[PDB]
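Chemist:
Residue numbers (our numbering), protein chains in the order written: chain A, 214 to 426; chain B, 503 to 715; chain C, 171 to 396; chain D, 227 to 447; chain E, 161 to 382.
1. Would you say residue 284(C) lies against chain B (beta-carbon separation less than 7 Å)?
2. Could you name the residues that DSSP lists as bridge partners for residue 281(E)?
3. Going by DSSP in three states, residue 539(B) sits in which element: helix, strand or coil?
4. Any idea what DSSP makes of residue 339(C), helix, strand or coil?
5. Are any of the Cβ atoms in chain A nearer than 7 Å to that of residue 363(D)?
6. Looking only at its own chain, which residues have a Cβ that is under 8 Å from the Cβ of residue 179(E), when we skip the five neighbours before and after it?
7. Check the Cβ-Cβ distances between residue 316(C) and every residue of chain A, and say whether any is below 7 Å.
8. Could you give the DSSP three-state label for residue 167(E): helix, strand or coil?
9. So, are the CB atoms of residue 182(C) and residue 249(C) less than 7 Å apart?
10. Under a CB-based cut-off of 7 Å, is residue 367(C) close to chain A?
11. Hey, out of 612(B), 633(B), 607(B), 525(B), whose CA is closest to residue 691(B)'s CA?
12. Enumerate in chain order the residues of its own chain whose CB-to-CB distance from residue 372(A) is below 8 Å, with the five nearest sequence positions on each side excluded.
13. Pull up the DSSP beta-bridge partners for residue 226(C), would you.
14. Since residue 686(B) is in the alpha helix (DSSP H), which residue starts that stretch and which ends it?
15. Could you tell me whether the Cβ atoms of residue 362(D) and residue 444(D) are closer together than 7 Å?
16. List the residues of chain D that residue 303(E) touches, going by C-beta distances under 8 Å, in chain order.
17. In terms of alpha-carbon separation, which member of 346(D), 396(D), 388(D), 279(D) lies closest to residue 338(D)?
18. Determine, using beta carbons only, whether residue 218(A) comes closer than 7 Å to chain D.
19. Would you say residue 356(C) touches the ligand PLP, meaning its beta carbon is less than 6 Å from a heavy atom?
20. Let me check understanding here. Comparing Cα to Cα, which of 712(B), 642(B), 508(B), 561(B) lies closest to residue 516(B)?
21. Taking 7 Å as the threshold (beta carbon to beta carbon), is residue 319(E) in contact with chain A?
22. So what does DSSP say about residue 379(A), is it helix, strand or coil?
23. Per DSSP, what kind of secondary structure is residue 299(E) in: helix, strand or coil?
24. Whose CA, out of 332(C), 202(C), 261(C), lies closest to the CA of residue 348(C)?
25. So is residue 197(C) buried or exposed if we call it buried at 16+ other beta carbons inside 10 Å?
26. My output table needs one value for residue 399(A): the three-state DSSP class, helix, strand or coil.
27. With 7 Å set as the bound, which would you pick, yes or no: does the beta-carbon of residue 603(B) sit closer than that to a beta-carbon of chain C?
28. Within the same chain, show all residues whose beta-carbon is closer than 6 Å to that of residue 406(A), passing over the 5 residues directly before and after it, in chain order.
29. Distance cutoff 7 Å, beta carbons only. Does residue 380(D) sit that close to anything in chain A?
30. Return the Cβ separation of residue 387(A) and residue 349(A) in integer angstroms, given the expectation that the two are a contact with Cβ distance under 8 Å.
31. At what residue ranges does the region 539 to 589 of chain B contain a whole run of the beta strand (DSSP E), taking only runs of 3 or more?
32. Just checking my contact of residue 522(B) with residue 576(B) at CB under 8 Å: how many whole Å lie between their CB atoms?
33. Going by Cα to Cα distance, which pick from 367(D), 313(D), 332(D) is closest to residue 245(D)?
34. Could you check how far apart the C-beta atoms of residue 262(C) and residue 297(C) are, in whole angstroms? I think they sit under 8 Å.
35. Nearest chain B C-beta to residue 382(C) closer than 7 Å, yes or no?
36. Under three-state DSSP, which class holds residue 367(E)?
What follows is the structure in structure tokens.
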């Protein structure tokens with residue numbers, strides 16, 4: 214019932230930079246405050262206990278400070294593996310409650326995506342559906358625009374995108390876009406193309422294939 | 503002669519969760535205290551009067567409490583139509599005063615789509631140049647625009663405004679206008695809007711070169 | 171039904187006078203109190219004054235302590251507010267609000283109970299105080315250059331408001347008309363935009379329809395890719 | 227010093243009962259000083275503490291959930307469990323089990339879970355389970371990319387390995403919800419182009435709710 | 161200095177081991193302990209100290225035969241790693257060597273009731289208990305004419321504070337004059353070296369400084 218207000222909700226910082234996250238409980242909680250780190254697909258990890266105590270295996274660049282109604286987690290020189298969502302947690306009265314979290318993203322140099330296009334497999338076409346996939350691999354920053362073209366007509370409404378979370382070693386993103394057509398419409402047209410616009414490409418890059426070659 | 507201060511200026515609460523508001527008041531006040539729900543484009547509507555006694559035929563999810571100085575307003579089950587602004591008044595000093603106002607929000611982080619518009623030839627003939635930067639359909643509301651003209655940061659010659667939260671998709675949009683004289687506009691080449699927002703891993707710049715397209 | 175209707179208001183030069191009426195209709199027998207509350211777009215609410223019975227109020231805020239005077243005409247059931255010596259900050263949407271008190275107070279039915287809360291609010295009348303001088307807008311295209319955005323800039327008009335529609339109201343999806351901003355010249359500027367399929371630019375005409383009733387000006391502006 | 231593995235259905239229908247189990251390795255669930263906790267996080271929302279249980283019987287559940295939740299410890303199996311009745315879509319979440327150590331000098335009783343499991347997703351839905359179809363992403367200045375497409379499964383998640391042997395350079399993308407209401411994702415890996423003529427790559431796509439294992443091997447069209 | 165720390169001597173409380181005071185001021189960030197642990201009946205114990213007048217210390221006279229008594233920790237640094245000033249940390253004298261069943265009796269000679277504090281050590285790991293105190297069952301029993309209780313370590317990891325997963329818990333008693341406290345333990349035991357005597361129970365023999373008020377204040381002194 215104690216409300217934990219964490220700020221900011223999100224931040225981006227370069228490798229080597231000093232990062233600071235604040236937590237303000239809705240009442241004084243003395244030192245009964247913990248900090249958790251949650252990396253994509255891993256178990257949340259207690260980093261700091263009782264406001265300032267570093268947990269085993271946590272690098273000394275992480276430090277917790279404060280008491281009462283204002284607490285700070287500092288990461289003194291950000292590393293790519295520190296990409297995660299961080300939460301404060303009060304242990305002062307029941308129920309334990311958590312801050313809404315702070316997503317820490319890493320700023321790095323621009324990296325152009327590598328682009329790959331995959332035609333639908335023949336096995337799927339027997340199902341009456343054709344999925345065409347475009348892969349944008351290992352790029353930074355997150356914007357990449359993927360335009361589909363079928364015999365040079367721009368498509369809209371018949372594709373979906375998915376983006377990975379930032380990579381824990383090189384801090385890049387990857388993105389898949391899937392163009393879905395009925396098999397009947399797919400065989401009525403010939404040239405299938407994925408066109409990618411991104412800050413790392415001086416002009417857009419197109420990967421394409423010819424149906425039935 | 504008796505100031506009212508509400509906290510915070512604006513809060514973001516997911517639909518369904520309870521949203522607690524604050525109405526701190528200098529000097530004692532208990533007998534009379536009224537809460538209001540002023541939806542945009544409408545007149546205020548009475549919710550609670552006195553302190554806890556709610557108005558006639560208003561939902562039971564609107565709760566009121568407080569005494570003397572600190573006053574609270576909690577909305578139990580939140581609905582998407584509760585995007586109104588809330589105020590609190592007081593007795594008496596023979597002079598009732600209102601509160602500052604608390605904006606209530608109701609989604610997934612969304613980066614703005616950014617568009618830049620050169621001045622029209624029609625406008626330039628009248629002697630002025632408005633360059634417009636549009637940040638469309640983003641969430642949360644916090645966003646920053648910077649204008650550069652031949653890479654020089656502009657100060658004092660722009661204005662911006664932001665829409666109410668969109669009922670249809672819970673996003674915001676923002677328009678910024680850079681205003682130059684005709685003579686000044688024709689003296690420079692590169693016009694750029696740089697946008698910072700939580701949904702963007704790096705700030706995004708949209709630009710044009712005057713006299714190119 | 172306890173609704174009241176506010177009439178009057180408009181544009182006035184600073185230093186002039188203006189009174190706003192409030193037709194108290196419905197359940198109100200008008201032995202109960204009434205109040206005025208003003209709000210400027212971009213600011214919060216602020217209580218202005220109150221009236222009770224006959225001449226029991228005499229209740230004015232410190233901002234208008236020497237300028238505003240509150241009248242009551244129970245024979246025609248209308249509440250008034252003579253706003254004299256108007257200044258620039260007096261520009262607001264003046265609301266006429268009902269006043270209710272706990273039944274323990276208000277001993278004599280007519281006189282003032284010094285503890286009131288407003289229950290039924292009115293539609294409100296907008297009063298603008300400037301040295302402005304009504305002016306219709308210029309309308310400029312924001313030209314589009316899977317999804318495209320296009321729009322119209324409605325610039326250099328006074329006073330508010332303007333209305334914008336697209337394709338005579340046939341285009342609604344994806345339209346955003348922004349709040350106007352006030353420029354240093356004292357004129358307003360606003361933008362209205364719409365997002366549309368890129369593929370529609372070439373087949374489909376987009377026209378923004380702008381209406382500024384204060385100057386009875388009406389503009390349709392076709393927005394073309396360039 | 228302890229390992230904590232969560233298990234349970236993955237899909238529960240609305241109004242039915244959600245049951246989860248936590249397999250504990252490295253310590254005994256019969257120890258007087260540890261307590262066992264569940265926490266959850268709805269998609270895109272905050273962490274919510276559910277409760278704790280001690281071997282001696284002392285429990286405490288979040289008041290938001292107390293009238294629907296129970297926990298137990300199974301000493302024979304070295305497990306502890308969560309039971310949540312009358313579920314709705316609000317209970318779709320990643321559920322984490324955790325251990326803490328009673329430490330009243332620094333923490334309220336049962337309030338500092340410091341060894342967590344990685345969490346298991348539970349989806350509350352009336353839709354049925356569906357196993358994925360898995361399709362190859364075949365290779366086209368030194369480096370080639372290949373992968374496998376995992377299309378049309380429900381609910382989440384799938385896991386993908388390449389060969390647990392090929393691991394460097396792997397990207398498994400977050401799933402996308404298609405307009406059909408089913409999920410799809412891709413897993414990719416970068417490898418030497420000089421490798422395409424002679425070495426083996428098999429993506430392994432595994433989906434426990436549909437009890438599916440599908441192997442695709444990848445190569446030039 | 162935390163107040164309870166005056167009794168058992170962390171490096172913090174080094175100045176104030178034998179303090180004489182009419183008015184005692186606690187402070188907010190003060191830590192009663194160097195090596196993570198907590199006092200049983202803690203709030204009750206302080207209220208005794210606040211009104212004490214201050215405290216006088218005298219040695220309980222304990223001596224040891226075959227044990228490490230010089231136990232030191234990273235937690236009590238003090239030029240070099242150290243322990244509580246007023247206690248001895250008892251260890252096997254050879255790693256993994258099973259610890260001796262020992263007995264101690266101390267009797268309260270003085271007219272004022274003595275204050276006695278002792279420790280139970282909960283080792284970081286089941287291993288560390290073994291390394292420190294040997295292996296097998298560990299039992300500690302404390303006996304006084306009004307007091308008896310038995311303590312056993314419950315070894316495990318706990319969140320790392322001061323760099324230690326392990327904990328030490330302090331239990332205290334008041335001993336009437338002419339009363340024996342008997343200490344019996346096979347290990348995990350932190351032993352009092354000195355007894356604490358209140359100054360407002362003194363016989364006006366010039367130690368005596370009677371009746372203090374203990375306050376909690378954020379303000380300076382004047």
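C-beta atoms are modelled at their ideal positions from N, C-alpha and C, and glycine is treated no differently.
Modeler: On the basis of the coordinates in this document:
1. At least one chain B Cβ lies under 7 Å of residue 284(C).
2. Residue 281(E) pairs with 328(E).
3. Strand at residue 539(B).
4. DSSP places residue 339(C) in helix when its eight states are reduced to three.
5. Closer than 7 Å to some Cβ of chain A, the Cβ of residue 363(D) qualifies, so yes.
6. 166, 214, 215.
7. Residue 316(C) counts as touching chain A.
8. Looking at residue 167(E) - three-state DSSP - the assignment turns out to be helix.
9. With contacts defined as CB atoms closer than 7 Å, residue 182(C) and residue 249(C) fail to qualify as a contacting pair.
10. Answer yes: the Cβ-Cβ gap between residue 367(C) and chain A drops below 7 Å somewhere.
11. Closest option to residue 691(B), judged by alpha-carbon separation, among 612(B), 633(B), 607(B), 525(B): 633(B).
12. Within the same chain, Cβ atoms closer than 8 Å to the Cβ of residue 372(A) are found at 359, 361, 390, 391, 392, 393, the five residues on either side in sequence being excluded.
13. According to DSSP, which records beta bridges pairwise, residue 226(C) is partnered with nothing at all.
14. Its alpha helix (DSSP H) spans residues 684 to 687.
15. Using a Cβ distance threshold of 7 Å, residue 362(D) and residue 444(D) count as a contacting pair.
16. Using a Cβ-Cβ cut-off of 8 Å, residue 303(E) is close to nothing in chain D; its nearest Cβ partner there is about 24 Å away.
17. Nearest C-alpha to residue 338(D): 279(D).
18. No, because no Cβ of chain D sits closer than 7 Å to the Cβ of residue 218(A).
19. With respect to the ligand PLP, the structure shown offers nothing to examine, as it has no ligands at all.
20. For the residues 712(B), 642(B), 508(B), 561(B), the minimum Cα distance to residue 516(B) belongs to 642(B).
21. Yes, its Cβ sits closer than 7 Å to a Cβ of chain A.
22. Residue state for residue 379(A) is assigned as coil, using DSSP reduced to three classes.
23. Secondary structure at residue 299(E): coil, using DSSP grouped into helix, strand and coil.
24. Residue 332(C) is the option with its Cα nearest to residue 348(C).
25. Flag for residue 197(C) reads exposed.
26. Helix, per DSSP.
27. Closer than 7 Å to some Cβ of chain C, the Cβ of residue 603(B) qualifies, so yes.
28. Within the same chain, residue 406(A) has close Cβ partners 362, 419, 421.
29. For residue 380(D), no Cβ of chain A is located within less than 7 Å of the residue's own Cβ.
30. Sure, about 6 Å apart at Cβ, within 8 Å.
31. Those beta strand (DSSP E) runs which fall completely within the region 539 to 589 of chain B and span 3+ residues are 548 to 551, 564 to 569, 572 to 577.
32. Taking a contact as a CB-CB distance under 8 Å, the pair residue 522(B) and residue 576(B) counts as one, their CB atoms being some 5 Å apart.
33. Closest in C-alpha terms to residue 245(D), from the list 367(D), 313(D), 332(D), comes 313(D).
34. The C-beta distance from residue 262(C) to residue 297(C) rounds to 7 Å, short enough to fall under 8 Å.
35. Taking Cβ atoms only, chain B never reaches closer than 7 Å to residue 382(C), which makes this a no.
36. Coil.
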